[PDB]
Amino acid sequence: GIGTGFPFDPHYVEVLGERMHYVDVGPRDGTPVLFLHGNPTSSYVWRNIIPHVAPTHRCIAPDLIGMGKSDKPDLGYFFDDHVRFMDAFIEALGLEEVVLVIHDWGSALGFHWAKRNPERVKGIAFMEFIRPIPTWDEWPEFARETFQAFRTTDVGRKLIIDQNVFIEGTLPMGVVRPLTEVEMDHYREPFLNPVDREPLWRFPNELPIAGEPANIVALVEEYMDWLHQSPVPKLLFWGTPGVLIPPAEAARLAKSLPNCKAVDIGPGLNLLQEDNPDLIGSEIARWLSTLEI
């Protein structure tokens, strides 16, 4: 069955006065592969992708500030906060050139960093990524009223912070196959205390949809503009019906973005790594062998 364990030794690095945890496996030389998770996950989401790549490539998978095994300071956990911390993480590890493997809010981080530092990004593998969604009619019908409620400070915080609905409900509803109790406990662990749930609520409130919030929409449009021109090698994974990326949008993107290969993973919602890790990991490994890295 799909693996439930997380066998990786913990590594920690001080970043802007805070400790961040990261996975670091694979050979020491060569261009490293930097895996960035999103909401509400951690490096745990990459646990069955990394073993396909770690035979021949260094794999680095941080836990975002406020998440996983990373420290959880009293921040607002705005996207800008995550940018500051991941900028500093990459610099703290002394990374030069990288290949990005990114998902959900990790893709916004990876795309925004790559747009700012294109000489250092030798390829981008991405899936269920942050795009400027033009209308709420593009959001999956079965989840529409709830995600609109999440974007308030009263019902939204009751649901996500007080009642933990993003972990107990939204997370399983973003995976086609059923998550085991062991897997659910791995996702629950960073967030046992309600006061640590701020990122879980701020991330859906940063989601750029129907023009709100305007500053995030502008930032995401900027990196999409870059992605539509840049020759950087691209690998897009998509599933059906998806959540952030409907299958029609994934097709359109695969045909419009330069130097892009697209892989249909089958059934999938948001956590594509939880529905077809074997294909995602094996296709990243094969694609990496075609890059000049």
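Numbering starts at 1 and runs along the sequence shown.
Student: Test of understanding: from the entry's C-alpha B-factors, which stretch has the higher mean, 89 to 97 or 198 to 206?
Tutor: Higher mean C-alpha B-factor: 89 to 97.
Student: Please compare 24 to 32 with 45 to 53 and say which has the higher mean C-alpha temperature factor in the record.
Tutor: Averaged over C-alpha atoms, the B-factors run higher in 24 to 32.
Student: From 170, 107, 193, 148, pick the one with the largest CA B-factor in the entry?
Tutor: Answer for 170, 107, 193, 148: 193, with the highest C-alpha B-factor.
Student: For the CA B factor values reported in this entry, which option in 159, 218, 102, 75 has the top one?
Tutor: It is 75.
Student: Determine, from the deposited record, the chain-internal third of the Cα B-factor for residue 131: lowest, middle or highest.
Tutor: Residue 131: CA B-factor falls in the middle third of its chain.
Student: Would you mind ranking residue 222 by its C-alpha B-factor against the rest of the chain and naming the third, lowest, middle or highest?
Tutor: As the PDB entry reports it, the C-alpha B-factor of residue 222 lands in the lowest third of its chain.
Student: What third of its chain's C-alpha B-factors does residue 152 belong to: lowest, middle or highest?
Tutor: For residue 152, whose C-alpha B-factor we compare with every modelled residue in the chain, the answer is the middle third.
Student: Give the position of residue 180 by CA B-factor within its chain, expressed as the lowest, middle or highest third.
Tutor: According to the entry, residue 180 has a C-alpha B-factor in the chain's highest third.
Student: What third of the chain does residue 80 rank in for C-alpha temperature factor, lowest, middle or highest?
Tutor: Highest third of the chain for residue 80's C-alpha B-factor.
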